């Protein structure tokens, strides 16, 4: 079955006075492959995809500041915090040229970074990424009312911060197949203390839906406009029915994004990695071998 363990030796690096944990496996030489997770996960969401790439390429999977095994300072955990921390992390590791493998809010970080440093990105494999959703009618019907309540400071915080609803409910509801008690416990681990759950609430409140918030909408429209023109090699993973990328959206992205290969992973919601890790990791390795890296 799908692996439930996290057998990776811990690595840490001082970043802006804060310690950040990351996975680092694979051959020391060659172009590194940087794995970026999102809400509400960690490098744990990559545990079954990294082993397909580690035999031949260096694999770096950090835990975003405030999540996973990284330090958890008292911050708002706005997207701009994660941008400052991820920019410094990359420079603290001395990474020159990289290939990106990104998902959810890690895709926002990855796309925003690649647009500012397109000389250092040899390829992007992305899935269930962040794009400007123009209307709430584009969000799945089964999750509208809840995510609307999430984007308030009274009901949203009570649900997500006090009652841990994003871990206990929203995370299972983003995977088609059922998560095991071991897997739930891994995702629960960085957030047993309710105060440490700020990022779980700030991320859905940063989601560019229906024109708000205007600044995130503007930033994401910028890297979407770069994506539509840049020749950078592109690998899109999508599934049915999806959440952020519905199948109809993926088909247009496959026809409009230059240098783009799309791959139907089957049934899927948001955490595609948990529904078909074997196809995603095996397809990333195959695609990697076609890059000038």
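Positions refer to the first chain, counted from 1.
In this entry, the higher average B-factor at the C-alpha atoms falls on 251 to 259, of the pair 251 to 259 and 39 to 47. You'll see in the entry that, of 160, 175, 100, 93, the Cα B factor peaks at 93. In this PDB entry, residue 278 carries a Cα temperature factor that places it within the middle third of its chain's modelled residues. Ranked by C-alpha B-factor against the other modelled residues of its chain, residue 86 falls in the middle third. Per the deposited record, the Cα B-factor of residue 134 falls in the highest third when ranked against the other modelled residues of its chain. The entry lists a Cα temperature factor for residue 116 that places it in the middle third of the chain's modelled residues. Per the deposited record, the Cα B-factor of residue 31 falls in the highest third when ranked against the other modelled residues of its chain.
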